[PDB]
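Contents: one structure, followed by commentary.
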Ligand SMILES: Nc1ncnc2c1ncn2[C@@H]1O[C@H](COP(=O)(O)OP(=O)(O)OP(=O)(O)O)[C@@H](O)[C@H]1O
Ligand SMILES: [Mg+2]
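Residue numbers (the entry's author numbering), protein chains in the order written: chain d, 298 to 347; chain F, 7 to 475; chain B, 5 to 23, 29 to 50.
Structure, rendered in structure tokens:
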């Protein structure tokens, strides 16, 4: 589902895809945007974050 | 959003990144903004390549000076289009189709994309019909084809543009159809002069002018010909009009393509030209054609770099033409105007089946005499005619008179010499050159044959010089 | 479960938080220099 939604929003994926930006900032973005939500598995969250 | 952003800028070539699924199709027009005060403008970019990873390589139609990486790029969803219709006649346009003399004019006209396929092969009809010009050399040795393709090759300063103006004077003035002039990579002041002259001669109302000149990015120089060709194509197809398409200079289109190809990162071909030189030439040229029942008479000036007719550009241009007038620096140096190389120029309709037996025989005899004269140039350059036999001496005198007589006081040459031009009927030209080959003017001085019209002018000039005809 | 709206606010917040330019010469030779940075040049 996460891959599906990322593909649906190519702009978000491209923004997350810039390795130039700090890893921590993008990790926080994903946590507080998609990864961190009530209906998200913890293991999937951590895996995608790393 | 479905908009892109500039990622690389290298001269007039720009790489634009788009979100996946929004990558513009090849040849689509995109718009970007330059904000710096002096150079503020809206860049039109043409998609040229897909680079992968949603990147497109595009050619700018305006100088990219002041452009910044990251600026938004919008896709218009369509290729460059130019206004079409009878309204374009009498007005001056640029490659993008903006009206220069009346800015904002034509925005409401129908717009045609400047990219289209050539006519279907089954719609092509060979054209074999002589377009008489009144020029002795053209009429006799390289007759032009009505509805065919004519080219005027030449180095720098041999008289290509003057001959284009001469043919506008002779063919376009007494023309009932439409004329399209495409200035491609040529002097801007030449365009202004042509505009003023056409207005003066009341030919502008029947002419559409499209100018992309030297001081333009290569993209504009390689798309202005397509814009003018689109206007001509509309006149040919949508209105059933006879069309005169004047192009000056097509080699500039090829050279701009070469610069663009260098920018795009393609591997150079021979002499540094683009690998797709023949192909671009072919698409452009095969769009310029007369279909069945719809006539375009196109005349193109082709620059020859460094007087090198072996250069790939003119060499590939040669194959697309019905009539070819090759101007020569050697002929130009002798003061002969037009500086036509009779032994190098050719025409596909100079055969007995089309021009008759008399025209063909006279032309072939002239060519034979001139060829024999050229073969003797080695001996003559060292020793002169004195060592030649009597037959060779007679032929040399005849050939010198013939080469003088192929010159003519042109109509467009009045601005230079101050002498009015002359027109020579085809029958008179054939008869006069028949007499010259036979030897009925072997007694007049050579200068009597220089820059005159028919036989009446020859007699008058001989009388002025003290001879008699 | 997809928000479909928090995405825009989140990206806007991230770009806003992330937001004189000085470049650095990375290589130089024969009258040509290469300068990293200066994104607004
Ligand atoms: N018929 C002619 N009579 C007299 N002078 C002529 C004639 N044709 C050309 N010239 C002279 O040669 C010059 C070059 O003419 P023109 O500009 O037409 O040449 P061109 O081959 O188009 O040149 P370029 O490569 O610079 O564009 C003219 O300005 C004029 O000086
Ligand atoms: Mg010229």
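Positions of the beta carbon are idealized from the N, C-alpha and C atoms, including for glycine.
Legend entry - Separation of residue 133 of chain F from residue 375 of chain F, as counted between CA atoms: 30 angstroms
Inset, instruction - Give a yes or no on contact between the stretch 254-270 of chain F and the stretch 137-156 of chain F, applying the rule of three or more CB pairs nearer than 8 angstroms. - result: no
Legend entry - Where residue 322 of chain d meets chain B, residues with beta-carbon distance less than 9 angstroms: 18, 21, 22
Legend entry - Within-8 angstroms CB hit, residue 49 of chain B to chain F: yes
Inset, instruction - Determine whether the Cβ of residue 27 of chain B lies closer than 8 angstroms to any Cβ atom of chain d. - result: Any question about the placement of residue 27 of chain B has no answer from these coordinates, since chain B jumps from 23 to 29.
Legend entry - Close Cβ partners of residue 233 of chain F (< 6 angstroms) along its chain, the five nearest in sequence each way excluded: 88, 101, 120, 216
Inset, instruction - Output, in sequence order along the chain, the residues in the stretch 23-56 of chain F whose CB is closer than 7 angstroms to any CB in chain d. - result: 25, 26, 27
Legend entry - chain B contact residues for residue 326 of chain d, given Cβ-Cβ distances below 8 angstroms: 14, 15, 18
Inset, instruction - Determine the chain B residues that contact residue 336 of chain d at a beta-carbon separation under 9 angstroms, and present them in chain order. - result: 5
Inset, instruction - State buried or exposed for residue 338 of chain d, treating a residue as buried only when at least 16 other CB atoms are found within 10 Å of its CB. - result: exposed
Legend entry - Validate contact between the stretch 366-381 of chain F and the stretch 442-454 of chain F using beta carbons, cut 8 angstroms, 3 pairs: yes
Inset, instruction - Less than 8 angstroms between the CB atoms is what I'm expecting for residue 368 of chain F and residue 436 of chain F, so what's the real figure, rounded? - result: 5 angstroms
Inset, instruction - Could you check which residue in F:82, F:153, F:418, F:340 has the C-alpha nearest to that of residue 248 of chain F? - result: F:153
Inset, instruction - Tell me whether residue 184 of chain F sits in a helix, a strand or coil according to DSSP, three-state version. - result: strand
Inset, instruction - Grab the span of the alpha helix (DSSP H) containing residue 225 of chain F for me, first residue to last. - result: 224-245
Inset, instruction - Flag residue 167 of chain F as yes when its Cβ comes closer than 7 angstroms to any non-hydrogen atom of ligand 2, and as no otherwise. - result: yes
Inset, instruction - For residue 451 of chain F, I'd like the list of residues in its chain whose CB is within less than 7 angstroms of its CB, leaving aside the five on either flank, ordered along the chain. - result: 471, 473
Inset, instruction - Just the C-alpha distance for residue 418 of chain F and residue 310 of chain F, rounded to the nearest angstrom, thanks. - result: 22 angstroms
Legend entry - Continuous beta strand (DSSP E) assignments of at least 3 residues falling wholly in the stretch 84-130 of chain F: 87-90, 116-119
Inset, instruction - Check distances from the C-beta atoms of the stretch 61-88 of chain F to those of chain B and list, in chain order, the residues that come in under 9 angstroms. - result: 74, 75, 76
Legend entry - Alpha carbon of residue 405 of chain F to alpha carbon of residue 379 of chain F, nearest angstrom: 6 angstroms
Legend entry - Cross-chain neighbours of residue 311 of chain d in chain F, by beta carbon under 9 angstroms: 23, 25, 26, 60
Legend entry - Sufficient close CB pairs (3 or more, under 8 angstroms) joining the stretch 282-295 of chain F to the stretch 328-343 of chain F: no
Legend entry - Runs of beta strand (DSSP E) wholly within the stretch 299-326 of chain d (minimum 3 residues, chain order): none
Legend entry - Cα-Cα separation between residue 126 of chain F and residue 299 of chain d, rounded to whole angstroms: 51 angstroms
Legend entry - Test: residue 308 of chain d CB closer than 8 angstroms to a CB of chain F: yes
Inset, instruction - Grab me the residues of residue 42 of chain B's own chain with a C-beta within less than 7 angstroms of its C-beta, minus the 5 sequence neighbours each way, in chain order. - result: 34
Legend entry - Interface flag, residue 341 of chain d vs chain B, CB-CB below 8 angstroms: no
Inset, instruction - Report yes if the C-beta distance between residue 394 of chain F and residue 402 of chain F is below 8 angstroms; otherwise report no. - result: yes
Legend entry - Nonlocal neighbours in the same chain, by C-beta distance under 6 angstroms from residue 61 of chain F, ignoring five residues either side: 21, 23
Inset, instruction - Label residue 86 of chain F either buried or exposed according to how many other C-beta atoms from any shown protein chain fall within 10 Å of its C-beta, with 16 as the threshold for buried. - result: buried
Inset, instruction - With DSSP as the reference, label residue 253 of chain F as helix, strand or coil. - result: strand
Inset, instruction - Using the DSSP secondary-structure output, state which residues sit across from residue 213 of chain F in a beta bridge. - result: F:185
Legend entry - Per DSSP, cross-strand counterpart(s) of residue 3 of chain F: In the structure as shown, chain F starts at 7 and stops at 475, and residue 3 of chain F therefore has no counterpart that could be examined.
Inset, instruction - Using a threshold of 8 angstroms, state whether the C-beta atoms of residue 416 of chain F and residue 305 of chain F are closer than that. - result: no
Legend entry - Start-end ranges of the alpha helix (DSSP H) lying completely within the stretch 327-410 of chain F, minimum 4 residues: 335-339, 358-381, 383-389
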